[PDB]
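Encoded as C-alpha cells, the following chain is the form solved without N-phenylthiourea, with no partner shown.
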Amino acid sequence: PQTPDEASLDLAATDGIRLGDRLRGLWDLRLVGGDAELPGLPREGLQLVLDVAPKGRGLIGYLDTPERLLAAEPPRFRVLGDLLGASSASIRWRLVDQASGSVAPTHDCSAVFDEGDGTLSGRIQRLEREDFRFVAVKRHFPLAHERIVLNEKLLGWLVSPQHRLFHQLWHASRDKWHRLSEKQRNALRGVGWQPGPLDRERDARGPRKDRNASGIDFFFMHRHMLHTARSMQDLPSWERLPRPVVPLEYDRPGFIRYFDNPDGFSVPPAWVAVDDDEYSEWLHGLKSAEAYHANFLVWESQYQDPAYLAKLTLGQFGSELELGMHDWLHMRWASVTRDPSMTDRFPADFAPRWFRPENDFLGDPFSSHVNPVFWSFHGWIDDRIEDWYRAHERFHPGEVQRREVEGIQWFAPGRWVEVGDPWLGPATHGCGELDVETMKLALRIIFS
C-alpha cells in the first residue's frame, strides 16, 4: 500500500468540523490524582482555552489561571495538537512550557469528551519523566437576556399574550397568504386578519412580492413596534454589524471575552439538528465568519450605498431586505430554544409554558421580539430607511415626501412609495385593543 505522492489541501469534514465546535471555547480545569501538578500553578481554579479554525484540523490553546489567560504576557502553558483520527473517545494535545524558553513539549495530554456545555477528562504525562489526571468543564455560552436587561414595563408588554400572538399572526398571515386556499382566505377576511386591503391583499412571499408593496408593511410595522418599545426603554440601534470573533492566535483576551457574550452581541454557536443535516449545515453556514464576509458585510454596504438604494421603491427595498438579510439576522443571533427548566415549539401550541419570559427564541415571531438583540438589528434595519430617503433626495429630488402616518414619521405615496395605507392588522384594515381568542382562532385557520 503506497504512501501519498504529494500533499493536498485537507480541510475538515463534518465530524472534524463538529468536534472542533465542541472543543472551542473556555473550560474550567482541575488537576486530580497523586502526582498531579504543573509548575507555577495551583491544582484548582485553572482554565483551558481552546480554538480550532472553521475548517481546521489543528488544535491550539492555553492553560493558566483565568486572570493570566486575559493577561498581556504569555500564558504559562500553550496547547498544540491536531485532530487526525480524533473523536469523542480520544483527543490528544501536547503542552509547551512557555516560561522554559523551549518549544519542545513538556507534557502529553489525552482526553475523552462527554455530552454550550461538555466535559473533557483524561490523563497527563511529564515527558521529562505516575498518577496525573485532569477534568475540564466547558463554560456555558451566555444568552442575551443574561447580558442585556429589558425593564419591568417593556418585558411585560413583550411577553404578554396580546403581543406575542399579534406578532405571530401578523407574519403568519402575510407569510402564508399565497399558499392559503380561497376558503382559508375568506375565513381570515371575515375575522379582520387578511394582510392589507380586502380583496387586494399584500402577501409577503408570493410571486409578485417585490411589487405588490408588501415591503412597506414590513418596514412600517416594525417602525411602529420600535416607537412603542423605545418609549419604555433606551433601545439604541447597532450602527455597525458585529464582526465575527477575533481568533485566538491574534488576540487571546478578545477571544475569551467573546465566549462570555459581554454585550449580548456574540453569535451563539450553531447547534446540530438530529437527522437534519441540510438544516445543521445551513445554520452553521449563516453563523460563520464566511457568511459575515460573503453576505452580511455586503448587505451592510448595499443598504448604505445611495446608488443601490436609488434604484428601489420603498416596497421593493422592504421585500428584498425582509426576505434576505432580515431572516438571516434572526437565525444568526439565535440561541437554541429552551423550556421552563430538543425540537422547536409547534406554531399552534399555546401551552402556558410557551408564554414565559424565558422563551425569547429569535426564529419564531411569537418569541423573537423578546430577545434583546432583536432591538439592536431592527433598530439598524429601521435607520436604513433614512439612507434610502437620502438616496432618493440625491437622485430624485422631491420625488418622495415626508409625512406622518399612524403617529409615526413616514412617507407620502409617490413614484417610489407604492401605498399610503400600511397594514398594522385589523385596526387599519379589518372589514369583518385586540381579542386574544380571535387571534388564536386565525392562527388555527392558517396552520391547517
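Throughout, we count residues from 1 along the sequence that is shown.
Just so it is clear, the following notes concern the form solved in complex with N-phenylthiourea, a form of the same protein that is not shown.
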Should this chain be marked open or blocked when N-phenylthiourea, placed as in the entry with it bound by superposing the nearby C-alphas, has its atoms checked against backbone and C-beta atoms at 2.4 Å, with 3 or more hits meaning blocked? open
Is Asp82 near N-phenylthiourea? Define near as a heavy atom within 4.5 Å, in the entry with it bound. no
Interface membership of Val272, N-phenylthiourea in the entry with it bound, 4.5 Å heavy atom rule: yes
Though only this chain appears here, would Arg345 touch N-phenylthiourea in the entry with it bound if you measure heavy atom gaps against 4.5 Å? no
Is the gap between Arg18 and N-phenylthiourea in the entry with it bound 4.5 Å or less for some heavy atom pair? yes
Counting only non-hydrogen atoms, which stretch in 300-308, 263-271, 229-237, 174-182 is within 4.5 Å of N-phenylthiourea in the entry with it bound? 263-271
Since exactly one of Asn295, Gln98, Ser280, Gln316 fits, which has a heavy atom within 4.5 Å of N-phenylthiourea in the entry with it bound? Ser280
Checked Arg139, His145, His163, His284 for heavy atoms within 4.5 Å of N-phenylthiourea in the entry with it bound; positive is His284
